[PDB]
2 protein chains.
Amino acid sequence: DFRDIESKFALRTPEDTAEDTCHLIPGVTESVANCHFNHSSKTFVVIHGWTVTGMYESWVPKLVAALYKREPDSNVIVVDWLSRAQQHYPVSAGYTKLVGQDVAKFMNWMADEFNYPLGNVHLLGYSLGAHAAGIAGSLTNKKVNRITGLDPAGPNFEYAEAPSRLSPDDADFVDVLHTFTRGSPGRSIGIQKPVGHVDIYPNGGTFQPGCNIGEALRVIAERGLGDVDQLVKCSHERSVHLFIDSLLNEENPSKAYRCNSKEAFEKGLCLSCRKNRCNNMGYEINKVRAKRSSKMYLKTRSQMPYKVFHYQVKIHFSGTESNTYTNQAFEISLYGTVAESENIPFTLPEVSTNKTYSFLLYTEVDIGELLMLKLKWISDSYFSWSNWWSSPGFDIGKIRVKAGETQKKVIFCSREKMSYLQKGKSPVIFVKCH
Amino acid sequence: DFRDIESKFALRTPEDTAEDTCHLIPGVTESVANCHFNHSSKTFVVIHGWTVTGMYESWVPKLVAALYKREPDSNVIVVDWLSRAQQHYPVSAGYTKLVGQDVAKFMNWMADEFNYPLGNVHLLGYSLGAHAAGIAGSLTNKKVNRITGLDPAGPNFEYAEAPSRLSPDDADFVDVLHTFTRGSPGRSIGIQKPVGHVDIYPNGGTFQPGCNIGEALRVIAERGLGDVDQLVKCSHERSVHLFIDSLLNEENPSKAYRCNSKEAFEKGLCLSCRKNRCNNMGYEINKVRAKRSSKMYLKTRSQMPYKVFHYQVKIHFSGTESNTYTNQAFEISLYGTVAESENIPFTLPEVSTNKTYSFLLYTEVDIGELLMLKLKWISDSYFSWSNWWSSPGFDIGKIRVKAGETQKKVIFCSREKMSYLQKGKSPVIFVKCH
């Protein structure tokens, strides 16, 4: 009952992270002895996804190299979607079931011949591979510890059920990286419905910064003609790049936050995590169970380090003139004890008086503590036309910034009288106080 | 069908040649992965024998260490005769069948699960272990390459057949070290009937030199009370010591010779090996098949290096006085181009005239070539009583020594007139000639 495999399982090593050297044929125990397999250590399983070409994508070598870097003396298994994924995309959607059955048979054979503990295997799933793993494991008798996927496919999986798509019950623990969701429901490539016990929605899933418009023209540019095809795939690989970055930087994991909605997170009222919230993201994620879908949010840098901070702010606006204004740009800057940002902007419409506001700010440099603050208010009338005549202004009292990683209700504090924030004027300084 | 084993198979490593660390349980494939087992390389199987104590004899560690020294990256398996061999000796003779069945089941299971090539395993057998292996393998479907044993047991195996004792058909190739045969037929511990394709009878099997009388008294000495028990076991371990010495000294193996009988070899008429005779002894033995039992003979040093030479000699005695003498001692010495022996004696009765004689000589030092010779003739009348009056004497012409390892019919050559060998007289010099 091991003749309908048609999907070769490879086993690379740190010295060779490019070419598949081994072939762990199910049933034929000879391969296990042929290629060293530490039955005591943990063993990952990478499941790549659809590829227009006839070869592995460019990210697998880096992923596997980083995996060995993080956890040496641990086996790695790769699959051979090729010969089946090259077919029409819906055909791959159908063949997900066959590959899942194949992987389940593989794991069952391993647990029968070698009784390898199932609690030491990850089904790293990308693109269609995540759904493939999800449909897999469920057939396994002893379940699976981790089924962490990457950018689960949306088409032909929304409006579905657990047997036909990744489900929380498919494994003991699960987490997904919703790195792309822009578009109408049920048609965006990236599924938006939460699937795992904990889900991550970096940047809100609308898009990612480390890219540009991309395709200049159908013929002049390269839609899938290499070149700018990768640029077109702005976010679909950002999941794997984020995962590998987190794996490499184990010392300082990025702390994704738990909230209620993307707009709520943007406002910044849902950052404090006294309970089991705001868990880590990546390999060092904390294993936790939830009574329901638990959305999360965070931000990131462009490409290389990621790992940004979060310093949401509140303002107790209280002035004299009561003419409400809307759609105004606020610019602030902060200085600390390690480094300092200079000209970070942000937006806050519907400004009023005798009212308190709040917003979310992010920086991409470590600052540690924070001493003083800048609160410049920008205008489109730089020249001396609007430098004398009375322009709208407000008064600033206290400021209640809250550090993200460490809960610090530091109370910033306007000076005795030297604030009077005004349009087209120098910022207002603040200091630690109280 | 793997619950009646009751004989644990161990697997030592070069770093641990004393204590069994692993347990390759048949059927349970987990042990193979637990303990590294290079399925490509050769794998020996040591089968020790009866022991009055409840632990492995003192030679197993040295044997296994030397085995690793000779062939690194090669697995070694040890058996656990203990718990069954401690019983009465005949009970062990009966249990040989059970252990053989167990080993056959082990090997068959290996050839089924891992299809390990049977042509890369040795069943190193000692004492009862040799017969155990011989009864083993025969049940194996794919036969065995080498079944080299050591000092096969004699009792309850003479007057037997192949199924109940080691046989040439039990494996592809076989060789035994008949290191002890003194005693009546069918009662000497060491079987004297040839068994394998090629058999080795060092020193003729009567005894070995590296020992003494041993047991001084039943109570005062230590029959089996340790101490002189090893001395009593003068030859039974000489087999394994010879094997380990040959294994360690791979560069210069000892060349055992093929002959017709021990007396014929002692005479020295059966050393030349133009055909496939005089094969090596030990690991570097040349694999050969014979139409029948092929006895062999050789000599050895005391304990450490072994590896002695063979320089049989012929004498063309031709003198005037025709009074035959008998039971006389001849002393000779030789000098070469590397080293030289000084006072090696030998015996030759039934000395006559106009007749040619021959004998076998051995030396324990490398000599390479040989230049001159000594032919002193000893007497028990050293003093000047027999120094003047005419004592019996002969004349010497040519000498036809023959080098063993290299066939060299070097013709020694008496001087013009200066020979006249006489009793109680200075030797007669000889040189290379012709």
# chains A, B, ... in the order shown; residues from 1 in each chain; ligands from 1
call {"tool": "residues_around", "arguments": {"residues": "residue 324 (chain B)", "least_positions_apart": "6", "cutoff": "9 Å", "atoms": "only C-alpha atoms", "output": "count of residues only"}}
result
4
call {"tool": "interface_residues", "arguments": {"of": "chain A", "to": "chain B", "cutoff": "12 Å", "atoms": "only C-alpha atoms", "output": "number ranges by chain"}}
result
A: 27-41, 110-117
call {"tool": "closest_residue", "arguments": {"among": "A:152, A:49, A:61, A:134", "to": "residue 122 (chain A)", "atoms": "only C-alpha atoms"}}
result
A:134
call {"tool": "residues_around", "arguments": {"residues": "residue 26 (chain B)", "least_positions_apart": "5", "cutoff": "9 Å", "atoms": "only C-alpha atoms", "output": "ChimeraX atom specification"}}
result
/B:2-3,5,8-9,31,105-106,109-110
call {"tool": "write_last_selection", "arguments": {"atoms": "N, CA and C atoms", "output": "mmCIF file, in the first residue's frame"}}
result
data_model
loop_
_atom_site.group_PDB
_atom_site.id
_atom_site.type_symbol
_atom_site.label_atom_id
_atom_site.label_comp_id
_atom_site.auth_asym_id
_atom_site.auth_seq_id
_atom_site.Cartn_x
_atom_site.Cartn_y
_atom_site.Cartn_z
ATOM 1 N N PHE B 2 9.243 -13.099 17.755
ATOM 2 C CA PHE B 2 10.497 -12.553 18.260
ATOM 3 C C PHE B 2 10.404 -12.342 19.763
ATOM 4 N N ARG B 3 9.803 -13.305 20.460
ATOM 5 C CA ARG B 3 9.632 -13.240 21.903
ATOM 6 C C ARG B 3 10.386 -14.336 22.640
ATOM 7 N N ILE B 5 13.725 -14.850 22.296
ATOM 8 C CA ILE B 5 15.110 -14.516 21.980
ATOM 9 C C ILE B 5 16.025 -14.899 23.136
ATOM 10 N N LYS B 8 20.520 -11.265 24.270
ATOM 11 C CA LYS B 8 20.607 -9.883 23.830
ATOM 12 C C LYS B 8 21.851 -9.662 22.982
ATOM 13 N N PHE B 9 21.664 -8.970 21.863
ATOM 14 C CA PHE B 9 22.740 -8.612 20.948
ATOM 15 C C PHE B 9 23.205 -7.203 21.286
ATOM 16 N N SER B 31 15.917 0.030 17.819
ATOM 17 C CA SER B 31 17.288 -0.046 18.311
ATOM 18 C C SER B 31 18.286 0.331 17.223
ATOM 19 N N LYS B 105 17.527 -16.265 13.198
ATOM 20 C CA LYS B 105 16.360 -15.394 13.173
ATOM 21 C C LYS B 105 16.778 -13.932 13.138
ATOM 22 N N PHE B 106 17.797 -13.578 13.918
ATOM 23 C CA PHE B 106 18.307 -12.212 13.914
ATOM 24 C C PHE B 106 18.733 -11.802 12.512
ATOM 25 N N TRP B 109 15.838 -11.506 10.057
ATOM 26 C CA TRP B 109 15.096 -10.277 10.297
ATOM 27 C C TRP B 109 15.839 -9.083 9.723
ATOM 28 N N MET B 110 17.163 -9.060 9.888
ATOM 29 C CA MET B 110 17.942 -7.969 9.315
ATOM 30 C C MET B 110 17.842 -7.970 7.796
#
call {"tool": "select_by_dssp", "arguments": {"residues": "region 160-219 of chain A", "states": "strand (DSSP E or B)", "output": "list in words"}}
result
residues 173, 175, 176, 177, 190, 198, 199, 200, 201 and 202 of chain A
call {"tool": "write_last_selection", "arguments": {"atoms": "N, CA and C atoms", "output": "PDB file, in the first residue's frame"}}
result
ATOM      1  N   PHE A 173      -1.496  22.524  17.887  1.00  0.00           N
ATOM      2  CA  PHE A 173      -1.346  23.969  17.848  1.00  0.00           C
ATOM      3  C   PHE A 173      -1.181  24.394  16.399  1.00  0.00           C
ATOM      4  N   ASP A 175      -0.747  28.212  13.787  1.00  0.00           N
ATOM      5  CA  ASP A 175      -0.653  29.654  13.622  1.00  0.00           C
ATOM      6  C   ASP A 175      -0.382  29.956  12.158  1.00  0.00           C
ATOM      7  N   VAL A 176      -0.970  31.049  11.678  1.00  0.00           N
ATOM      8  CA  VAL A 176      -0.871  31.445  10.282  1.00  0.00           C
ATOM      9  C   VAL A 176      -0.438  32.900  10.208  1.00  0.00           C
ATOM     10  N   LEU A 177       0.139  33.258   9.067  1.00  0.00           N
ATOM     11  CA  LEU A 177       0.661  34.597   8.815  1.00  0.00           C
ATOM     12  C   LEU A 177      -0.131  35.193   7.654  1.00  0.00           C
ATOM     13  N   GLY A 190      -5.189  35.540  -0.426  1.00  0.00           N
ATOM     14  CA  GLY A 190      -4.978  35.176   0.960  1.00  0.00           C
ATOM     15  C   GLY A 190      -6.278  35.106   1.731  1.00  0.00           C
ATOM     16  N   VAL A 198      -4.388  31.007  16.990  1.00  0.00           N
ATOM     17  CA  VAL A 198      -3.897  32.377  16.946  1.00  0.00           C
ATOM     18  C   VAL A 198      -3.501  32.686  15.513  1.00  0.00           C
ATOM     19  N   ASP A 199      -3.893  33.859  15.031  1.00  0.00           N
ATOM     20  CA  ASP A 199      -3.581  34.296  13.681  1.00  0.00           C
ATOM     21  C   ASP A 199      -2.915  35.663  13.732  1.00  0.00           C
ATOM     22  N   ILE A 200      -2.067  35.928  12.744  1.00  0.00           N
ATOM     23  CA  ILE A 200      -1.263  37.141  12.700  1.00  0.00           C
ATOM     24  C   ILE A 200      -1.564  37.868  11.399  1.00  0.00           C
ATOM     25  N   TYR A 201      -1.822  39.168  11.500  1.00  0.00           N
ATOM     26  CA  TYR A 201      -2.209  39.998  10.360  1.00  0.00           C
ATOM     27  C   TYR A 201      -1.281  41.203  10.294  1.00  0.00           C
ATOM     28  N   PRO A 202      -0.032  40.999   9.889  1.00  0.00           N
ATOM     29  CA  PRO A 202       0.914  42.116   9.852  1.00  0.00           C
ATOM     30  C   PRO A 202       0.441  43.202   8.901  1.00  0.00           C
TER      31      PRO A 202
END
call {"tool": "residues_around", "arguments": {"residues": "residue 230 (chain A)", "least_positions_apart": "2", "cutoff": "12 Å", "atoms": "only C-alpha atoms", "output": "short mmCIF file (atom, residue, chain, number, x, y, z; two decimals) with C-alpha atoms, in the first residue's frame"}}
result
data_model
loop_
_atom_site.label_atom_id
_atom_site.label_comp_id
_atom_site.auth_asym_id
_atom_site.auth_seq_id
_atom_site.Cartn_x
_atom_site.Cartn_y
_atom_site.Cartn_z
CA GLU A 57 11.10 28.64 -5.33
CA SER A 58 14.05 30.80 -4.31
CA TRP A 59 13.17 30.90 -0.59
CA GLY A 210 9.05 46.49 0.79
CA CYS A 211 7.88 46.88 -2.80
CA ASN A 212 6.48 49.37 -5.31
CA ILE A 213 3.88 49.56 -8.07
CA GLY A 214 5.77 46.82 -9.90
CA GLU A 215 4.31 45.99 -13.31
CA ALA A 221 7.51 44.95 -17.83
CA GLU A 222 7.67 41.31 -16.67
CA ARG A 223 4.33 40.18 -15.23
CA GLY A 224 5.55 36.65 -14.60
CA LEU A 225 8.62 37.05 -16.80
CA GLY A 226 10.96 36.96 -13.84
CA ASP A 227 12.48 40.37 -13.20
CA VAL A 228 9.55 42.31 -11.70
CA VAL A 232 4.62 41.79 -7.98
CA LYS A 233 4.84 39.07 -5.31
CA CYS A 234 5.35 41.78 -2.73
CA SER A 235 3.73 40.11 0.28
CA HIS A 236 3.21 36.44 -0.58
CA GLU A 237 6.89 35.81 0.24
CA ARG A 238 6.96 38.37 3.05
#
call {"tool": "residues_around", "arguments": {"residues": "residue 96 (chain A)", "least_positions_apart": "2", "cutoff": "10 Å", "atoms": "only C-alpha atoms", "output": "list in words"}}
result
residues 49, 81, 84, 85, 90, 91, 92, 93, 94, 98, 99, 100, 101, 102, 128, 129, 130, 131, 132, 133, 134, 135, 136, 164 and 165 of chain A
call {"tool": "residues_around", "arguments": {"residues": "residue 301 (chain B)", "least_positions_apart": "2", "cutoff": "10 Å", "atoms": "only C-alpha atoms", "output": "NGL selection string"}}
result
:B and (208-210 or 299 or 303-309 or 362-365)
call {"tool": "write_last_selection", "arguments": {"atoms": "N, CA, C and O atoms", "output": "compact mmCIF listing (two decimals), in the first residue's frame"}}
result
# COMPACT_ATOMS: atom_id res chain seq x y z
N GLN B 208 51.23 -25.34 23.42
CA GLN B 208 51.82 -24.07 23.06
C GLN B 208 52.95 -23.71 24.02
O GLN B 208 52.95 -24.16 25.18
N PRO B 209 53.92 -22.92 23.57
CA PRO B 209 55.11 -22.68 24.39
C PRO B 209 54.90 -21.64 25.48
O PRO B 209 55.53 -21.73 26.54
N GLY B 210 54.03 -20.66 25.24
CA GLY B 210 53.89 -19.55 26.16
C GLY B 210 53.18 -19.93 27.44
O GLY B 210 52.19 -19.30 27.82
N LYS B 299 54.84 -22.70 12.78
CA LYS B 299 55.36 -22.48 14.12
C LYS B 299 55.10 -21.04 14.54
O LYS B 299 54.45 -20.27 13.82
N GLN B 303 54.70 -15.32 22.75
CA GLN B 303 53.38 -14.71 22.86
C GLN B 303 53.17 -13.46 22.02
O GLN B 303 52.12 -13.30 21.39
N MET B 304 54.14 -12.54 22.00
CA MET B 304 53.77 -11.20 21.57
C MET B 304 53.72 -11.05 20.05
O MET B 304 52.64 -10.77 19.51
N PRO B 305 54.83 -11.22 19.30
CA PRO B 305 54.76 -10.89 17.88
C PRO B 305 54.33 -12.07 17.02
O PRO B 305 53.73 -11.90 15.96
N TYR B 306 54.64 -13.28 17.49
CA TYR B 306 54.52 -14.47 16.66
C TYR B 306 55.27 -14.24 15.36
O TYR B 306 56.33 -13.60 15.37
N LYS B 307 54.75 -14.73 14.24
CA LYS B 307 55.30 -14.41 12.92
C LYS B 307 56.77 -14.84 12.84
O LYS B 307 57.69 -14.03 12.86
N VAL B 308 56.95 -16.15 12.85
CA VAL B 308 58.26 -16.75 12.71
C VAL B 308 58.48 -17.15 11.26
O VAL B 308 57.55 -17.19 10.45
N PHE B 309 59.72 -17.46 10.92
CA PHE B 309 60.10 -17.85 9.57
C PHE B 309 60.21 -19.37 9.47
O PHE B 309 59.87 -20.11 10.40
N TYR B 362 63.33 -23.27 12.53
CA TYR B 362 62.60 -22.02 12.67
C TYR B 362 63.42 -21.02 13.45
O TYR B 362 64.17 -21.37 14.37
N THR B 363 63.28 -19.75 13.08
CA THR B 363 63.88 -18.64 13.79
C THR B 363 62.81 -17.59 14.05
O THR B 363 61.79 -17.54 13.36
N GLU B 364 63.06 -16.76 15.05
CA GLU B 364 62.08 -15.78 15.51
C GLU B 364 62.57 -14.35 15.29
O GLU B 364 62.10 -13.43 15.97
N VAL B 365 63.49 -14.15 14.36
CA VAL B 365 64.01 -12.83 14.05
C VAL B 365 64.17 -12.72 12.54
O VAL B 365 64.59 -13.67 11.88
call {"tool": "select_by_dssp", "arguments": {"residues": "region 247-405 of chain B", "states": "helix (DSSP H, G or I)", "output": "ChimeraX atom specification"}}
result
/B:247-248,262-267,384-386
call {"tool": "write_last_selection", "arguments": {"atoms": "C-alpha atoms", "output": "CSV table (one decimal), in the first residue's frame"}}
result
chain,number,residue,atom,x,y,z
B,247,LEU,CA,44.8,-8.5,12.7
B,248,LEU,CA,47.0,-5.8,14.3
B,262,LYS,CA,52.5,-33.1,11.2
B,263,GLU,CA,55.4,-35.5,11.0
B,264,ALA,CA,55.9,-34.7,7.3
B,265,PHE,CA,56.0,-31.0,8.2
B,266,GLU,CA,58.5,-31.6,11.0
B,267,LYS,CA,60.7,-33.4,8.5
B,384,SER,CA,89.5,-32.7,27.5
B,385,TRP,CA,88.9,-36.5,27.9
B,386,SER,CA,87.3,-36.5,24.4
